Structures are given as C-alpha cells and as structure tokens.
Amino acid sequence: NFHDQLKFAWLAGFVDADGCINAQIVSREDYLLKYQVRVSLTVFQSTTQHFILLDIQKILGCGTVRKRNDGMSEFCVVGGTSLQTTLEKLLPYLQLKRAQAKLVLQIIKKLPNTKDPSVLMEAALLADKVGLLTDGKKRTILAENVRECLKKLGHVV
C-alpha cells in the first residue's frame, strides 16, 4: 500500500507546514442549542497554483475546492464523518499538528450526541483547547458563551 503512504506522508508534510486542523463554535440561530461545533481540515495555496488543492482532493477522495476573491484557493474537509477518515490517514505522519488532530478526533466522537447540552458543552470546551494551539487570535466565541446561553435556555449543563 506504500505508494499511498508516500502520498499521505507528503500531504502530512504539506498540512504541517500550511494547513489548519481546527474546531470552531459557530452561532446558528435555527439550532435549538444555538451553537454548532464546526470541525475542519483546511489547506491554502495561491490561486496561481490552484491545481495542487485539486490533487490533494483526489488523494483524499473527500473535500471541496474553492477560489477566494483575494487570489487564494482553499481545500476544505468539514464534518466528522469525512474528517475522521482523513485525519486517520494523516495521523501517523503529522508532527506539528498531531495535537490539533487528536483533539478534533475526540470532538468528532461527541458530534453524534451534540443535541444533549452537556455533550455540546463538552465539545465546546474541547474546541477551545484546539483554539489554544492555533496562532489565531480571532477566536471570539468561546465555551463561556455556549454555557451562558445554554444556562439561559433553561438547560442544566
């Protein structure tokens, strides 16, 4: 199978250098619990070399390619079912981001049960940990927010 391991290792190298394994709390008004924990693997490259994200998509067999209005393209794999399959491909080779993976994999464990406020609360605390491994300072929605809101919908978390 090792042709495939060469490609996964290569991709792991690329992700480690230029990717994004993430978990975010996004506001969703039509959700009962008001919040979703979005999980994603993302890879950036300038649109000039758009073709490589298409190659990554082929290697993985999952995920969407888009162009950005600023001259960048993104390859993206959202959602637990598809993203678990992918992370377990890259997990033996990831180095710099093995930690954001495992956490995200622990999050995906709970996504099926996330209608339950305590389970949602758990995924939200986990997202924050992933938030502390990303350079990003943009993180505005936290677990503190999900809990106050959950509190206020009259749920016991």
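Heads up: residue numbers just count along the shown sequence, starting at 1.
On average the C-alpha atoms of 128 to 136 have higher B-factors than those of the other stretch, with 128 to 136 and 36 to 44 being the two compared. When the modelled residues of the chain are ordered by their C-alpha B factor, residue 88 lands in the highest third.
Among the modelled residues of the chain, residue 100 sits in the lowest third by CA temperature factor in this PDB entry. In the deposited entry, the Cα temperature factor of residue 141 sits in the top third of values across the chain's modelled residues.
Sort the modelled residues of the chain by CA B factor and residue 12 lands in the lowest third. Split the chain's modelled residues into thirds by C-alpha temperature factor. Residue 30 is in the middle one.
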